[PDB]
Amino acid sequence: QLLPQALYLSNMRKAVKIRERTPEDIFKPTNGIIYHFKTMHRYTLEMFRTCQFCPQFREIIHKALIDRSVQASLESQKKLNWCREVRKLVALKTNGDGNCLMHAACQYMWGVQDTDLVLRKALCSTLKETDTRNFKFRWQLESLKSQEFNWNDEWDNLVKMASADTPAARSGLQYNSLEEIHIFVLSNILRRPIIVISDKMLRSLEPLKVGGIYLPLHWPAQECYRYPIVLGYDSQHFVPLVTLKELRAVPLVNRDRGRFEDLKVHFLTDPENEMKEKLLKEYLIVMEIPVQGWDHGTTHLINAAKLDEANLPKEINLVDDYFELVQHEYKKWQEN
């Protein structure tokens, strides 16, 4: 098996080009507003035609690049790829070092991970230097709409969890674990919605609300990028759920307990709950679709958010270089 375990490996010279172009494409004003990207936040990756090759060989391409443990688990619980009316989303392999939130979000749109930690360091130097009043208010809203048990002190704790350097090594892990309020900020910095596709099946073992839409609510509307970053969270792990290149969209509903349930939208005040439908479309490109309903025979109508088109130029797109790699390796596959 001569196929690399990841995408960015295929051309590490291009991967490094990307890494180098990443903090360059980050805009930095200094007047109390959060940091963000210039152009690269608009990028988006899309996995390639894997069904074009022979099945003896598709396995080789799959097992290397796709997180079969998480793709299975999400699929197996009617949360991944459940809608026959829409294209398939595949989970890519991220380094699960407690910075895999970022490894995924960068993977979703560059092909590289957060290996130089520009994003992690972005998040870390955001919380600190910029005004974070809006962000705290939201966080201490979800927080006492849950738990019930000192919230003033727990904030400075969340930012040092977002430390650039190694914390107390959890399981010998590299970096400290991230959570819901972190995903909100990263949406804002990227000025781009994030949709997490979370595990719902935890029944036997001796209770999180991570999944859902994360919107750039610190930032105003359609001026932002209104095409989602889609991520999968299964165990303790983030994978980019990258679409490919039906029409492309992600469902805004959940097939659970025999009902179409809306996806949670995070950190929302009472006024924004009434805008919630109108808060999307402004921030996504919502479009109704006759999905097959609860069998018997009733096309049930629900909404979904169309995804973005693969727009990385071959100057900074890695998948295209992988694709060449698998082609030549298949060309030998047909020699013998």
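Each residue number is its position in the shown sequence, starting from 1.
Task: Deposited but uncoordinated residues in the residue 264/residue 265 interval - done: Missing residues, residue 264 to residue 265: none.
TODO: Using what the record says, work out whether there is a hole in the model between residue 206 and residue 207 and how many deposited residues it spans (none, 1 to 3, 4 to 9, 10 or more).
DONE: Gap between residue 206 and residue 207: 4 to 9 unmodelled residues.
Task: Of 151 to 159 and 108 to 116, the one with larger mean CA B-factor - done: It is 151 to 159.
Task: Higher-scoring stretch by recorded Cα B factor average, 99 to 107 or 185 to 193 - done: It is 185 to 193.
TODO: Would you mind checking which of 301, 70, 65, 45 has the top Cα temperature factor in the PDB entry?
DONE: Among 301, 70, 65, 45, the PDB entry lists the largest C-alpha B-factor for 301.
Task: Top Cα B factor in the deposited entry, candidates 238, 135, 214, 225 - done: Most elevated C-alpha B-factor of the set, per the entry: 225.
Task: residue 175 CA temperature factor, ranked by third within the chain - done: As the PDB entry reports it, the C-alpha B-factor of residue 175 lands in the middle third of its chain.
Open item on the list: Ranking every modelled residue in this chain by its Cα temperature factor as given in the entry, which third contains residue 75?
Closed with: CA B-factor rank for residue 75: lowest third.
Open item on the list: Please place residue 317 in the lowest, middle or highest third of its chain according to the CA B-factor in the PDB entry.
Closed with: Middle third by C-alpha B-factor.
Task: Chain third (lowest, middle, highest) by recorded CA B-factor, residue given as residue 210 - done: CA B-factor rank for residue 210: middle third.
TODO: Please place residue 252 in the lowest, middle or highest third of its chain by C-alpha B factor as given in the entry.
DONE: Middle third.
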